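>>> So I've got this experimental structure, pasted below with the sequence.
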Amino acid sequence: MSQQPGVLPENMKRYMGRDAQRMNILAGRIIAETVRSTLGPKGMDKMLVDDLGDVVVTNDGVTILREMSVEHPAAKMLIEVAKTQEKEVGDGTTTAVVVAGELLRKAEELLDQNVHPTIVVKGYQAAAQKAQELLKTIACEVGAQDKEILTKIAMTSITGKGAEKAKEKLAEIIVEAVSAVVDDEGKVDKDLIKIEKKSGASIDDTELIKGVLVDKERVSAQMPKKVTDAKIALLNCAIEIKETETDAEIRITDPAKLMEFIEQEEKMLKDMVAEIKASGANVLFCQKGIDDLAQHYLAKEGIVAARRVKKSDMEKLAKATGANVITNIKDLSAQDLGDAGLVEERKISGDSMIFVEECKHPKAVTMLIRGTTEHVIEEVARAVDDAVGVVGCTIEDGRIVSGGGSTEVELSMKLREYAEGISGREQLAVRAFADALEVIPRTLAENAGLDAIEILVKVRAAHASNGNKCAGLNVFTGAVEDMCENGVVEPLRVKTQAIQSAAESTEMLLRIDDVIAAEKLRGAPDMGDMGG
Amino acid sequence: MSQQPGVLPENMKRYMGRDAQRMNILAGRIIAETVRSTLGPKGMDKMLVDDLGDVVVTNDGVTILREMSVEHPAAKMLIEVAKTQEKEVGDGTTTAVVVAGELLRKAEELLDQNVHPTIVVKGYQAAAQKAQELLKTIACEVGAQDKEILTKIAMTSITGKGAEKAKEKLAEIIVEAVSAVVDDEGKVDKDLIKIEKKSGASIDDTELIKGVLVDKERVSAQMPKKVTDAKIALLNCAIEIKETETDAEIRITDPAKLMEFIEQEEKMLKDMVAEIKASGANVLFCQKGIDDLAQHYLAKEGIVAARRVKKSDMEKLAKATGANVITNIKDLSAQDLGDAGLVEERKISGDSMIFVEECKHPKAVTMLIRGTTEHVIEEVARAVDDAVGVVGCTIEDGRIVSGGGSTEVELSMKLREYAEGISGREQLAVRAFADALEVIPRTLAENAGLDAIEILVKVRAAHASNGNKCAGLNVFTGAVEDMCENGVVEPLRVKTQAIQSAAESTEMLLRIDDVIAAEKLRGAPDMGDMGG
Amino acid sequence: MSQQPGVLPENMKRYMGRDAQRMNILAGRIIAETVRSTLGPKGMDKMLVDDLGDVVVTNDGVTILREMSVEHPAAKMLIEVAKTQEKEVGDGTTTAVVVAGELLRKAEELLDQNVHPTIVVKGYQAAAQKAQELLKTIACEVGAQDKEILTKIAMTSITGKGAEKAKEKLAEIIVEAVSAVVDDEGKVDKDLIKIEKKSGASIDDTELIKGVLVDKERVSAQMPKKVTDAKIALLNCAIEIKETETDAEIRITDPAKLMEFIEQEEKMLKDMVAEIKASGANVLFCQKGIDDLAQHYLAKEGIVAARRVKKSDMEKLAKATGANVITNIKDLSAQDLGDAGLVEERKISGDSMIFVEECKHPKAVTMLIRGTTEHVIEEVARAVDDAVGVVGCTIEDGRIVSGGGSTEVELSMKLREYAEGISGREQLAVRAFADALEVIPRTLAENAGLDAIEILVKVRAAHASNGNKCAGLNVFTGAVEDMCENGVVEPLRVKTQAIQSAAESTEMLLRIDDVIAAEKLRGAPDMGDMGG
């Protein structure tokens, strides 16, 4: 952890390559170590700064990568490996970026003085083919059989580690996920749960926003503050014929008798607003909704009025589910299915209070509540969604296996065992790598007594056909056995990719022991290089 | 590899010429050596940099030439030799630029102290005339006879060397090429396969996009997300008479009764959209397609709506093959031949999902899939197209001969043998050159044991009438014989030009041992020179 | 450990005082923490630097204080507390400077917001009066009864911690100390053992230099290299009447017959050298000993010749013990008692070989040998003398008590127990301090499992009348009981002063919560202050 900000020298690149890979390793190793420090289950506090700003976080890889802009043409290159795994999000991903970013060390050294990494590549991919193999239950103990609600609590156990409730915030965020799982489109489900928490006086326990938040606004001023039970209406954008389309080129040539034309236009919108009231719906929602004159009419006929630009609310409204496919200009009578009539609990916390009525229908619902205040909540608020979203992707079929709890430590003994097959070169850097896949679940260990490997022999005991699980950090050092929350992950899948991102990136990260460049500008401002 | 960035001195040129050619040789030799390092079958990693940017690559000449902007008025001059060969693309081209860029050394020295290279020119061209001669089968072993699918796998063996699948990504990319070969226009075939890979969650094995991708868009918001089996429609650009053409100069002079004119215009587009629906086609595609009012009508009558600027998609659509030659303004009923009705598998990966139905017809189809993520994929994605495209050009007759696998090493012994003809000067720099054409296939060798020439005597054994093939780098050192993938190239043609680009450029690269210039500005900013 | 080199600001002092004491505490605490890190039994490596120099060390306080020249007018002030205790040297002293430098923290806070430390002073001194009390055996277990050779090995167990021989270098250095103890003048004993180690080829086990090294020189060139058994002689400085005393003012006025005066003068010294040989002694030692002419005579009559300035060797010679009280000018026959005749083992290692014969007499002998090479030896060489010297001072009567091994942890429980006496203010910062004297023996602990206090409850068990001892750091965590080398110190005395240096310095270190100065120059170069 020296050489502050990539030591800040070597301004715009040059020089020779065979010491540069060792340089690439140095650059990749340092950023991998700083992240490793309290990341994943270690997870806690990583302090941030900048010139006037804030980014407190824990267990998040995208956030750490959001930063340290460049510092060497090696750090940026491997930000993407985390980024590639970031697609199909999670937090256990970057912890896996650490496992990949580590063995490459015993691998870069490896056969010290050999130009052919071409052997090591055959190995990592082989470990991945073994990965698809271990995807099929290798755990045996938990297997896949357990209540799904269990796997749900498991994600709540991890949360974002820095979780306020070291326990059951669980099924709160989960029921909304249990609803979200019914949608199962792969993304529209994470779109409904989307948005907030907090926005309430004080802190404490609150959650769900049951069936519909869908809007953000105290709703424009007339009396949104009043009129409880406004009713079912679902007009999502009234616009007026403000005497504009026109531009005419020339219009209203003759003087005097304009006393009609002025009154008639206000009249034209008053009739269209009276007919919309005929629906007996009343509530108005609208981005471009200002119709001031026939708004006062709408005030009499439609509880209140609203005024501006939230489109995501309309898509969120498509989730409110009031059939709002067709809404252009005039006359549509058939659709109005959005919930019941009870609306807007007024003035708590501040600014705006908005959540719609509920006439039961499971999905396409929102998810946000008072919970806790902004900064302390920002982190617990998001991590729990990552908890609700990642589980949502894997909950579907195609997978069965207990994760974590060193299920990996011996998955790797199998990898070391396959080394029995004499040829993948000889060294079986595939196996030598396996050794690391065995050392990493231990890097996770963090501490317990002091350092480690004391507990590794402990894991070796009882797995021949027994199975791995339970290794924990809480005061009680759990060798193996039940409800230590094992490896919370089952959805164990993420390892499938956590294993792959390694083999692909780590290979082209190496074998690249040439030049390291003396690059001419493609970006700016650059020109010439200095060193020779 | 010294003198960083052309040593960065000699700002704007001057001085005397007879040491300058040696200077041109130095400049051409250095850039040729840096590229030679792990290029072609050596192929692996060449590290890049710049001021904020990325260009990872392997086996590509255009990319290396994209860079090192100038560094001497000699480097730029010979970037074009690679560039000239780059037309009719490939990767084996720049490896051939290395063979040409090498002997010129034993040739610049050659008859040390002779002003007449005029002899050497007669030689290189003679080697080229021999090139058209060896185009006719000299291999004998493979000859031309073998399954064409074999030559296809051969290209997949090379790929871009840094290939993830050191094997059968083959016929996947090939069937699309087998279709592409039916088109055989020389370029429109490479236009169909054109575009992407990735754009999917995770990585792994996927390919083809069978008959039609043709579009890029989630298709504008109404409900492109829904309506599976939207149907055959092929409207590729609906525009509206937005009351504009006009400008009038003056229009709509009189007031009041405009209640008709406003309603009538919206009416004018509603009838034209209702008639287009009569086609019972429904799906809409359009660059300049926004018709908001009669779009809501189109929403009711045409599943969804789209909105902006992708022209290449229309040419890609000409490949979808829905007869879209005529599409201006109004009323055309006869054409609608584009595939079936099944469309858009929604929301995977992210942003947009778009691939059209399939009612069988071989060509004019797309080629892109999830494959792997952006940076790791960018390179494997492109190299495989270069694999699909270069093979496509040569496959159409006029050629028969096994390539690579040192078929060249002895092609050159023939060149050394012709040296029997006493006069082309005497030295037969044509032959002395041949010697290099013999040394280069060895420069390819890369290493095996250590250095080389150990295996050259190995190639000499068994070729008098036996034939050359099989020299490989994988652990098993193959002297000659079958399925070592021989010289994957047959299409052997590329050598025809790889041989020519040399003779032309290398001659005017030399004989240019004068001035080296003291140039006055033609570009900017330059003026005066400093050195005397 | 921030604010590099006293943060390097506040150039020449100024400002207000009540935040300055907290500033003094900060300055004293930081230097006390950096030293605490691996000092005393923790003891190992503290890295040094400078502009071209070396100072590797361990367990030494004077060395750390030799450095960090100033950094605040607080650091320098308390360098002396270590320095005051440095008189009557040892290494356990600065470890005790850490114990004193620590509680002042719970004491500076203490009664948070009280101007009267006058209470705390009554306490520290009271702890010291208790110190003279615990000097009388409180241990009980070892008491004082054990072989003195045991206490000797104890010091060899500590050595300087970084000891090569984690064991019996003991009685080697000790026999010389057993001899040194017979002298017992309080300092002349440490003067005999004084000087070196190393100065031999290679490394390994060697020691003692038995009875006499006393000189350093290959002895001037004639043949010191030869003549084994040179014999007993002890002339320690022959000077010649080089025709000088004179200056005359005028002399030798007349010419020619000077053939006598020249020969007669050389004659004058030849007779005085012939008479000195009559002693049948032969060996010559001399600072100002060059007598070139009657040196050739001395060469014939006295094995060899010597030539320059080592006075400490003469005092070391007074220890060789050849009666050399009177040695001016001429004729003294009575004295010659220095050992036997065997001298100088020639040419090993390099430069000079010199150690005199041995005709038995216990003390006034030297102590240096080949041992190990310079830098690795410098540290082990000195620490072992500190081992031989500190034990030498305390071995005399007036003391009896087992030291270390937490004998202190409960000595302090007694201090906490005396807190029973209700008044020394109330808080009994004397007791609150005791608490720290209890926490410090634990700061010593270093680690064992992790952190500490886990073993403190372990010490509490079995001391009511049982006694404390054995707490160790080696793999076997020893709660209490025998041969863990207990607290090696008995000579337990050093604590007597280690306890006192605290009470005196810590008091005037505090109560000094005013000004902190805005000083005008007394040193240089200074003038004016900047801040207001």
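Arrived safely. Residues are numbered from 1 along each chain as shown, chains lettered A, B, ... in the order given.
>>> Name the residue of the stretch 151-300 of chain A that lies nearest to chain C.
Nearest to chain C, among the residues of the stretch 151-300 of chain A, is residue A:161, at 20.8 Å (CB to the nearest CB). The C-beta positions use only the backbone N, C-alpha and C, and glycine is treated the same way.
>>> and the gap between residue A:399 and chain C?
38 Å (CB to the nearest CB, to the nearest Å).
>>> Just give the number of residues close to that residue.
17 (other CB atoms under 10 Å in any protein chain shown).
>>> right, and it touches residue A:135 too?
Yes - using CB atoms under 8 Å, residue A:399 is in contact with residue A:135, at 6.3 Å.
>>> Now for these two: what residues contact both?
Between them, residue A:399 and residue A:135 share these contacting residues under CB atoms under 8 Å, 6 or more residues apart in numbering or on different chains: A:492, A:493.
>>> Show me how chain A divides into domains.
A:11-142+A:399-519, A:143-210+A:363-398, A:211-362 (CATH domains of a matching chain).
>>> dump the residue contacts of the one residue in the stretch 401-532 of chain A that gets nearest to chain C.
For the stretch 401-532 of chain A, the residue closest to chain C is residue A:450, as judged by CB to the nearest CB, at 4.6 Å. Residues near residue A:450 by CB under 8 Å, 6+ apart: C:447, C:449, C:450.
>>> repeat that with 10 Å
Under the criterion of CB atoms under 10 Å, 6 or more residues apart in numbering or on different chains, the neighbours of residue A:450 are C:447, C:448, C:449, C:450, C:451.
>>> which of those residues sit farthest apart?
Pairwise distances across the contacts of residue A:450 peak at 9.0 Å for C:448 and C:451 (criterion: CB to CB).
>>> Give me the more crowded residue out of those two.
Remark: of residue C:448 and residue C:451, residue C:448 carries more neighbours, 17 against 10, as counted by other CB under 10 Å.
>>> Can you tell me the element that one falls in?
Using DSSP states H and E, residue C:448 maps to neither a helix nor a strand.
>>> which residue packs closest to it, ignoring adjacent ones?
Nearest residue to residue C:448 in three dimensions, chain neighbours excluded: residue C:477, at 5.3 Å (CB to CB, 6 or more residues apart in numbering or on different chains).
>>> tell me which residues in stretch A:47-62 are buried?
By neighbour count on 16 or more other CB atoms under 10 Å in any protein chain shown, the buried set for stretch A:47-62 is A:57, A:58, A:59, A:60, A:61.
>>> and if you look at stretch A:248-268?
For stretch A:248-268, the neighbour count (16+ other CB under 10 Å) marks A:248, A:251, A:265 as buried.
>>> Please determine whether it lies in contact with chain B.
Yes - on the criterion CB under 10 Å from any CB of the partner chain, stretch A:248-268 is in touch with chain B at A:248-254, A:257-258, A:260-261, A:264-265, A:268.
>>> possible to save those residues as TSV with distance to residue C:218?
Converted to TSV, the residues of stretch A:248-268 next to chain B look like this (distance: CB to CB, whole Å):
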residue	distance to residue C:218
A:248	120
A:249	119
A:250	123
A:251	123
A:252	125
A:253	128
A:254	132
A:257	134
A:258	128
A:260	132
A:261	127
A:264	128
A:265	123
A:268	124
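>>> Can you list which of the residues you listed are found in helices?
A:260, A:261, A:264, A:265, A:268 (DSSP state H).
>>> Tell me which stretches of the stretch 351-500 of chain A form helices.
Using DSSP state H, counting those that start in this stretch, the helices of the stretch 351-500 of chain A run over residues A:374-394, A:407-418, A:429-444, A:456-460, A:495-509.
>>> What angle do helix A:495-509 and the first one make with each other?
Direction vectors for helix A:374-394 and helix A:495-509, defined by axes from the mean of the first three to the mean of the last three CA atoms, to 10 degrees, enclose an angle of 100 degrees.
>>> Helix A:374-394: how far from the chain's middle?
Distance of helix A:374-394 from the chain centroid (CA atoms, centre = their mean, to the nearest Å) equals 7 Å.
>>> how about it: buried residues?
Judged by neighbour count using 16+ other CB under 10 Å, the buried positions of helix A:374-394 are A:377-381, A:383-394.
>>> which residues does the residue of the stretch 301-450 of chain A found nearest chain B contact?
Minimum separation of the stretch 301-450 of chain A from chain B (CB to the nearest CB) falls at residue A:328, amounting to 3.8 Å. Contacts for residue A:328 (CB under 10 Å, 6+ apart) come out as A:237, A:239, B:266, B:292, B:293, B:294, B:295, B:296, B:297, B:299.
>>> Drop anything exposed from these.
By 16+ other CB under 10 Å, those give A:237, B:266, B:292, B:293, B:294, B:295, B:296, B:297, B:299 as buried.
>>> Would you enumerate the residues in contact with residue A:171?
Residue A:171 neighbours (CB under 10 Å, 6+ apart): A:149, A:152, A:153, A:156, A:177, A:178, A:207.
>>> Without its sequence neighbours, what residue ends up closest to the fourth one?
Meaning residue A:156. Once flanking residues are discounted, residue A:156 sits nearest to residue A:170: 4.0 Å by CB to CB, 6+ apart.
>>> roughly how far apart are that neighbour and residue A:149?
The gap separating residue A:170 from residue A:149 is 8 Å, by CB to CB, to the nearest Å.
>>> got it, and residue A:489?
From residue A:489 across to residue A:149, the span is 15 Å (CB to CB).
>>> That concludes my questions; thank you for your assistance.
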